[PDB]
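In structure tokens, one chain follows: the form deposited in one PDB entry.
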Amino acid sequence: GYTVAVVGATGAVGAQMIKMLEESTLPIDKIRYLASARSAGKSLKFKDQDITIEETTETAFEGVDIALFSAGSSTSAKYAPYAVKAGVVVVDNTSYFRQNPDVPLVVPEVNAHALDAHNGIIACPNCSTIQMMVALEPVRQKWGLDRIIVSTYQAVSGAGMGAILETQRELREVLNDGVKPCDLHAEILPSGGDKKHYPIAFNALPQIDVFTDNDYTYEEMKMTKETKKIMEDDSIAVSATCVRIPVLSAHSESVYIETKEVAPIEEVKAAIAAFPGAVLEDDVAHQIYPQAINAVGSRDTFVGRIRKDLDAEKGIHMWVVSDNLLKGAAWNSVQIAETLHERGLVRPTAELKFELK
């Protein structure tokens, strides 16, 4: 089978990428771990095999059949076009190539068909978008979607290994040393690139990624724009509010929709339940609903609290939870890689459509 490279092997997503590949249906002959200079030379396991980490360079992709990128937009912007030139099929986790019409933006259970026409890079959508698409696609299939209003409850792991560590030490300082939450010193959250940083311990930060010109943040607009693209329908109205909360792993979403035809609630539960990747967890009589802590370690997307709006005939509320590192990232990526292998789509692209620097 394949030589498979993981770019960003030492990170939060990369650790999970390693785990998803170890259990993958993909024929792997050789596995390669790529990071920056700081991890080069260091060792990391694949099953029992002992794998030395390689520095990522323009010439690192010779002999590689598939590369999963999860090292940040800059790394992908820099080294993915070279991997393509080399003959790799790239599955990128970052947001860099997502809006490029030459690049499929794929959730396998929803739009696997878009993989066929790939040009050597396939993008794994934003994590909050992925779980929402899993939850919503069986609903659109039957009754259509007019609009989505979403408020998200995002875990810190989506911002990376340092974010996780920053949160754990902040909480430890409050709970163990008696420090007040607003006397904490943050270096990373709400966004690593932005000017100011704020404590997350016992907080809810209504900022993920930086702000755009319309006063929505980038995370908020990614949900809007990625939704329209994955679902292939620009007429679906989408607005989002994305909040960081003190959760390590698993994103949660309060999702409001309006359908095009009225959609009886028990039929909505049945539709979601019967969609691949989606698990109905909805039994309010035994207080059953999706929970972040129960979603961690699972590849499934969990859906509950499903109930019609109190006023809008065609309006429905729900609660959607998934592990942001698995379905939101690594599992979706490994699922994409497996689907490409299955459909004969793991080969070089003759025509190069991504400029180099």
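The first residue of the shown sequence is 1; numbering continues from there. Superpose the two forms; the largest set of C-alphas matching within 1.5 Å is the rigid core.
Keep in mind that the form deposited in another entry is missing from the display, and what follows is about it.
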task = Overlay on the rigid core first, then point out the one of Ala40, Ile293, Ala312, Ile288 whose CA is displaced 2 Å or more between this form and the one not shown.
result = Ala40
message = After a rigid core superposition, would you say the CA of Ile53 moves by 2 angstroms or more between this form and the one not shown, or not?
response = yes
ask   = Taking the rigid core as the frame, does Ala12 move its C-alpha by 2 Å or more between this form and the one not shown?
value = yes
